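Sequences listed follow chains A, B, C, D, E and F, in order.
Heads up, the first sequence is in the authors' numbering, so the first residue is 828 and it goes up one at a time.
Heads up, the second sequence is in the authors' numbering, so the first residue is 673 and it goes up one at a time.
Heads up, the third sequence is in the authors' numbering, so the first residue is 518 and it goes up one at a time.
What the fourth sequence shows, in the authors' numbering, is residues 15 to 527, 532 to 1376, in sequence order.
Heads up, the fifth sequence is in the authors' numbering, so the first residue is 2 and it goes up one at a time.
Heads up, the sixth sequence is in the authors' numbering, so the first residue is 1240 and it goes up one at a time.
The block underneath contains the structure these notes are about, expressed in structure tokens.
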Amino acid sequence: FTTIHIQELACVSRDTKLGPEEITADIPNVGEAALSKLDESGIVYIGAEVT
Amino acid sequence: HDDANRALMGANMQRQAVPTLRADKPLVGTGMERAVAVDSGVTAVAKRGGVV
Amino acid sequence: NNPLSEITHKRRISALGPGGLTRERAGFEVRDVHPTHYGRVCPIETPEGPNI
Amino acid sequence: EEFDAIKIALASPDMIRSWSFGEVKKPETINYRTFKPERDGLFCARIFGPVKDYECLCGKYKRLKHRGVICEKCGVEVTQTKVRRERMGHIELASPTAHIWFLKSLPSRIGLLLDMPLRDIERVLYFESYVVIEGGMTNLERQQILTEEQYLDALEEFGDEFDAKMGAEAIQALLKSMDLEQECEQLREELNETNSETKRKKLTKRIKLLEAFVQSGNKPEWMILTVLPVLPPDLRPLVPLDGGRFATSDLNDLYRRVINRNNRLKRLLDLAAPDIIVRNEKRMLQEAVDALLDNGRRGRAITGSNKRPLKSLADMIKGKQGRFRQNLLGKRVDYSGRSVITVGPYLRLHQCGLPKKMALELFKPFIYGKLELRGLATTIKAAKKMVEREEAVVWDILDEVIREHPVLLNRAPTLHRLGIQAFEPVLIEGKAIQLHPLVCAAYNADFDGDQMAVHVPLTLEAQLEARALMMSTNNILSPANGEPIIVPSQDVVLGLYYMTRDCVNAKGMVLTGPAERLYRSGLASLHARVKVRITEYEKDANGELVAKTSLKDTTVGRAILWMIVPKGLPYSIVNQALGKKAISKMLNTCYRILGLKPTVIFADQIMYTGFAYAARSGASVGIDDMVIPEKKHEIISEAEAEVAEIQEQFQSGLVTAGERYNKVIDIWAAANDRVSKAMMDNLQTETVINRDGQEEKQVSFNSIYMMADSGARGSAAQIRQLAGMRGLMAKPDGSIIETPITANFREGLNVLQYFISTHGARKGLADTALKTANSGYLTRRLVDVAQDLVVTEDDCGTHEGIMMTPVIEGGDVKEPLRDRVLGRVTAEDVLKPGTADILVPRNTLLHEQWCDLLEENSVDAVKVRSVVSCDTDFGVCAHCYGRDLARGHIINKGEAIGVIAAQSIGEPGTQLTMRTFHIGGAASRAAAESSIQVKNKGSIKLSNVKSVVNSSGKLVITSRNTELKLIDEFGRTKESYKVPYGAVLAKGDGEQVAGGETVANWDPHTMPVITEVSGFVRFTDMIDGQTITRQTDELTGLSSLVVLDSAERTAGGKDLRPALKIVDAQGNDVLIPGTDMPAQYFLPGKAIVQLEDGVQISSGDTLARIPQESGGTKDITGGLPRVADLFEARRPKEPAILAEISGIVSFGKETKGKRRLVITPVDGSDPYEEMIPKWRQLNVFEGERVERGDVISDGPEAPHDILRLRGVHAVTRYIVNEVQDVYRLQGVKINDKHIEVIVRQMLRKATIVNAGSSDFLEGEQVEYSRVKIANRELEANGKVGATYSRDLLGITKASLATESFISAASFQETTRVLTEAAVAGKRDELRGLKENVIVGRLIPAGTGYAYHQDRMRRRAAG
Amino acid sequence: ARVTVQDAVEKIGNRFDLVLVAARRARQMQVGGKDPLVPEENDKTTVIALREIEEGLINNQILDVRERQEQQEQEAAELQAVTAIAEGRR
Amino acid sequence: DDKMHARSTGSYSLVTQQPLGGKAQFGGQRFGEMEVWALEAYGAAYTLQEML
DNA sequence: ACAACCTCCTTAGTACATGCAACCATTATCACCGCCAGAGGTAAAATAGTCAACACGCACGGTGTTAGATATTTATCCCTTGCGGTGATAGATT
DNA sequence: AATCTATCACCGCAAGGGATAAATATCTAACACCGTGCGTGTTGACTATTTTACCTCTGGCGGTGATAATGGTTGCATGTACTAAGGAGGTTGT
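Following this line, the structure appears as structure tokens:
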């Protein structure tokens, strides 16, 4: 009676006067272990556990 | 052997149910336990057949 | 939620909208039973609460 | 010292410039290559304040660096972003214009200042016509209307001192020339000798409006404004969004449309355009202003592309979503949460279980708030690594809370007090909320994945009062009466019943031991039949211990319960079977005698005592827990065979199709009820095989029967469906069907039996899911009327009171003296001779044993204090209520009777309109309410008693509260039974008994109304129609007369007292032997007389009955609508007349709609007239002649006229009986001290019937706490004043104009309320509860009653 | 005492004036540490506030007797010159 | 499993400075008018003023 | 003279409570194109600079040797096991 | 609160298991050397860092067209249940 689920979460980069917006991992001295799991683009890897 | 007020619940608890890691079949049953496995293609079935 | 629920969802029968009423602006014309339901529309495969 | 309260008026077009700064001039909010929110528009920082915090537009004054300035470069203020919340704007209206709540507000308000057609006043404001305004060179005069195509020459001789003009301008101009130093003083001389009626029904609305304007500071110009104030942007929060889009919503866009229309109307006047375009733009401007005010209400709505209307200003107030109900009287709250309920059987009664990470979340202010206060982290920033981790240092920081901290818990919707309580944390696993089993009953916790909520108190004061006031251990009892509802719960009480049941063979048919380990010695049972001498004790009221000793006949489980029982009450109380039927009364007896801690421990420790043994009972539901009577076979050879000829008798010509439906459904009912008799022998005793060595015919151990005799969850209506026959059902129309279910759930149900009973189930579950609204909405509106009754005072000097009685429906004792009197107080020195000639003085607190001394003398009436007999201003005096029922004491000065009483009615009505209707798949009743039966050897003691012997064969009781004690061989009482008046005795006084033995009996629906004496029958205190009405049958010719009292009577005899009698050979009373007084037998209504005058009868023979289907705490029942006008207090909208003059009756003065009857007294000389409705049925034509109000037609008596023609204590004695006796038929014995609240609050108002020199007017119904201004100065300075009284205004009228008017705005119909609050310019005093909820104060009850006392010595200094 | 608490109402006869007396002890501990005369048995400050009327003594209502008299037995000492002070008002 | 929703403090509705409400908002939850009637009925003014 | 009353006129004032899940579109509508602004472009020189040349000069890292540490092997030692002999416990009494 | 006999057993006190630490032998790593190549230095010529000047982009926004075109759109507020109020007007009465 353990169940298994698939759920979705998302984000955006708005049209600025140049055009892009930032996406990275820099949140210094706020919860460092909750950062250790990321791409160059600030995104988790397919296959990694997260909680 | 059931009142409508609990037959109503039976017609919904089987619907609120969810996929589980080690699933197992209704042993008691009506026969619909093989129709409802095919009435949305959730089991693949031999639309022509032959040898695998 | 699971296959049985989507299989019956595809054959749900609403009593609502232009041709019926709502949960709110309605009496029993949208909630009770009439005997020609026999062989055709089962009176227990509905949600519970005011949605009956 | 504190800011007192709040006052009202309207926004004068001049005075707005004391609160505002210019035209909000343009629609936009930005400017292309600059964010700088629009300079002069809907985000005008010059009118509303800065944008980012402190930030003006165009530069130089940003960050916390600059503040308290105005930037030169664009002329903009430098304050703070939130100044946009109250630095108001305005818009100058280029016409005088309406305000919707003075026009669309029925009754409305503009007409009440002009007395001119309300239908078309709106066109004068749409600027469609002209009117005459002013002058002294007059030729026409004022309020004369016109078109416009004439005016001319007369101005050369008259045109110095006269004027007339168009529309809204002309109305607003006329409203300059009245004079309140002369109008209001002259509007009152009609009140001397001459005043009329329908002109009073209208014009008193104006007279009250104008006097209220004078006494509050209002001005009539405020009906027709010339300036729109503008909603501050931060209330409609103008900002951009990251998605390049803006907060342009509704309360912004409505102002764009108004600004545009008004800026056209301006430009059209500025250019002097065609007046067509001006007239259209005036009409379009008023349309847009009134739609901005209350969108939709102006017969149309303003909308946008996703079809919807836009949210109006009034949608912050008028209906459900308004601030009062969505953001004030309830609101979203921090330090809180919710989750799914779970049973917590190791929590002690003061406790609740909470997951570690939920405790972390709920206690973050203790952690991010103490690390920095011990050094247990380097900073609150670094501590992110440690607090979210649930690290060790969190848990000292949390024991410093938990070890003495009261968590609050909640089971919304909180229709009753016990839905919220207080506890103590216990840390656990998981994601649920863990819930102590004894409070699961008090909450009604329903474990289908429904939820409860949590709130942390954080002030030292809230934690102090939570332990003192909300703690489970400290509120154990039912506020309606005083049985525990924090109580041994669902299966706990099967454990206690199991420990207290006994068996034949029993692994111990007689046997004993101590030691739980002897369940592992080889031969024991909790049903094994112990016997033991146990010395046993009973605490007196003085504190000493009445020691006793007795042989017992008991079990191991009954003996183990002497560990758990508080041994200052005697073992012999356990010598029974402790189902839900009985167990509450042990705790109740402990509460009556020992003390609080002893009663808590006795409730708490019974919980685990249940869990140790409930499982070991092995009680189940299963295929041979479902036995069936074999002899059902023989019964089917009766009932189906009776029907078989009866369906032929129809076809052969001896019945129609219709009587045949009843004459077969009644046989299906008789089939079910026949099988239901055989069913009980098989279910309870049928072990037949023929002893010796066989035939253990004992009282059964069938579980489905035990589920009902334990009271765990079973009933006779379940058992019928599970052991013999499911029976009969309703159709969707509510009435029964000729199509039975002769089978039961073990025999089965075919497709048709399922399908037909599913219609009745759908109907009942759909009413379950809807008719709650017809009780919950009423409960919401009830609290607004009910709130102010805080126990504030002590006796109130009200030396009067209601003559209450036991519930004696003439011919039953449905409630004894005890239950109704329960801790109320006397209002007379009551005395009744009979057995001990007892006297109970005035001002005595009637706890139960005062009733015992009165019930021995069979006391049947007592004058008592009442929540209606309470003079006290807003709050109430302690003598009027006496004892609280939930905490259980002499009622605390600070306890809020008002809300307690509303909750004590709103919950059980809404609860049982579900808990009975979800059952409609089957129907049945069964009863035993007709006899009394002895159970052991002993002797008989008649008590509480008179009784007589009868020539027709009987021995009969003749007293109202009678009892039948059972005594042993020596003098110990062993049982007692209440016994009705008219009950036939099968025993004499000092006679002897053995057991299995009937000792009294009466009719299944009646205690038969019976004589002391022999003589002719007679009537007294009775008049036909006016107190009684007729029924008749054949057989010999036959009679009966229904008695009528308080829903049924004509004016001419309202308060008569119908009383049967026994008399001599011609005339008068056969005086009652040994109490030598009149032989007269008083009744209420709803009883039915069954013998008449001139008949002649004996002592111990009968005269009247009731059709009492008994109800009870069973069978079950449910309903509500017939209660409504007992609290909305009108007349029937059809006056189906019952005539006010005797016998001589005709028609003769007919008129252009209604009939006109013409009538005369039987020995008079004086005719009268009556207006019977146009078409209405008459049951008479020429010979059918009666006293003043028999069934000529059928109109029931109007509830408001029960006040007008019988007075406040008389009407209270029936509203506090009819609604009370619906709840008594539901088994919900609410004490009368609760429905007396709703009657006090219809009586909230006080009629006044002339002018004076104080609080005095005509046509008025002032709040009673004001009009006492009469006694407050008449008796000290003489003054001048008028007649004043009390009224029965319904909830829909009494609420609209309370003095606590801040509460009344939440009532709904909020335009009707807020227009009266505007007219009266009204000024509150903070004296209910809701007013201090709205202003975020200490509420004037309990711990804030304890603060309102300080205000009561500011308002009284010297 | 944490373990059930309504007995502090039956100890007096009313229930909210109770909380004012409890608060009169409570603030004088939470903002003053003022001397006790019974122990705590872990009834932390919320319920030491109730201990004061489980007994009936240790709020300032008996400091109004004690410490207020330690002043007035100097007024008795010194009464020999309090006459000259009370004469010296004229 | 999905519905562990408690809160110390969090999101606030700029429209009224009151908490937002919602799991999808990490909101504060509604002490309703009926929930007030219980504290009014108890005479519990400081626990009520705390919510307000 | 007015008063309210007979009748069905229409108006319109309200419709209980707590919570969770979702995503944010549709319009067309010549903005014309004329003028010229300070204002875009860029050449030639201010605010000052590039990086290639030939020098300058240094750090770093990898290949080599050395060092010593460590984990293995060996063997010793103690603390522990399980049973047994018979212990002063548990607790009833003095 | 002291006394003990007589429990159920811990001690009474034999055996033996693992352990760890000694000595040996292996591993790696730390370093010191060397060599590479890069970012060690000034100088010099480049070309396009910046400025200002000039000649001549982009986009500021103001201005308003003519064979003639001259009675328009707009769809569903709501069907229920109550009932309080105002509105009507003739008249049989106050």
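Heads up, the beta-carbon is just placed ideally off N, CA and C, and yes, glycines get one too.
Check: Where the alpha helix (DSSP H) through D/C88 begins and ends; Outcome: From DSSP, D/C88 is part of no alpha helix (DSSP H); its letter is neither H nor E.
Check: Pair within 9 Å by beta-carbon distance, D/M1040 and D/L1089; Outcome: no
Check: DSSP bridge partner residues for D/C366 (one or two, in chain order); Outcome: D/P439 and D/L449
Check: Residues that D/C895 bridges to, as DSSP identifies them; Outcome: D/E811
Check: Straight-line Cα distance separating D/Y269 from D/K219; Outcome: 34 Å
Check: is_contact[A/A837, chain D] using C-beta, thresh 9 Å; Outcome: no
Check: Segment limits, beta strand (DSSP E) that includes D/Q951; Outcome: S949 to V952
Check: Members of the stretch 671-699 of chain D that neighbour chain A once the beta carbon cut-off is set at 8 Å; Outcome: none
Check: Ordered list of alpha helix (DSSP H) runs contained in the stretch 876-941 of chain D, each at least 4 residues; Outcome: 915-933
Check: Exposed unless 16 or more other CB atoms sit within 10 angstroms - verdict on E/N60; Outcome: buried
Check: Strand pairing of D/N1019, partner residues [DSSP]; Outcome: D/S949 and D/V1002
Check: Straight-line gap, D/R1148 to D/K1263 (C-alpha atoms, nearest Å); Outcome: 15 Å
Check: Residues near D/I381 by beta carbon distance below 7 Å, same chain, minus five either side; Outcome: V401, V408 and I411
Check: Contacts around D/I1352, its chain only, beta-carbon distance under 6 Å, and the 5 residues preceding and following it disregarded; Outcome: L342 and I1320
Check: Within 9 Å, strictly: CB atoms of D/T757 and D/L767; Outcome: no
Check: CB contact below 9 Å: E/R16 versus chain D; Outcome: yes
Check: Any C-beta of chain F under 9 Å from that of D/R799; Outcome: no
Check: With 16 other Cβ atoms within 10 Å as the buried cut-off, status of D/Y589; Outcome: buried
Check: At least three beta-carbon pairs within less than 8 Å, the stretch 673-681 of chain B to the stretch 778-786 of chain D; Outcome: yes
Check: Any non-hydrogen atom of the ligand MG closer than 8 Å to F/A1280 Cβ; Outcome: As presented, the structure is devoid of all ligands, the ligand MG included, so that no description of it is given.
Check: Whole-Å CB distance - D/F141 paired with D/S119, under 8 Å assumed; Outcome: Contact flag wrong, Cβ pair sits at about 21 Å.
Check: Three-state secondary structure (DSSP) of D/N341; Outcome: helix
Check: 8 Å Cβ shell around E/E41 - same chain, five flanking residues per side excluded; Outcome: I49 and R52
Check: Short Cβ contact (9 Å threshold) for D/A426 with F/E1289; Outcome: no
Check: Test: C/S522 CB closer than 9 Å to a CB of chain B; Outcome: yes
Check: Residues of its chain near D/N276, where Cβ-Cβ distance is below 7 Å and the 5 sequence neighbours each way are ignored; Outcome: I105, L107, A108 and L299
Check: Chain C contacts from the stretch 680-696 of chain B (Cβ-Cβ distance under 9 Å); Outcome: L680, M681, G682, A683, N684, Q686, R687, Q688, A689, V690 and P691
Check: Identity of the residue in D/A1269, D/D1111 and D/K959 nearest D/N1086 by Cα; Outcome: D/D1111
Check: Where the alpha helix (DSSP H) containing D/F668 begins and where it ends; Outcome: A657 to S670
Check: Counted within 10 angstroms of its Cβ, other Cβ atoms place D/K384 as buried (16 or more) or exposed; Outcome: buried
Check: Rounded Cβ spacing between D/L1223 and D/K1072 (contact assumed at less than 8 Å); Outcome: 5 Å
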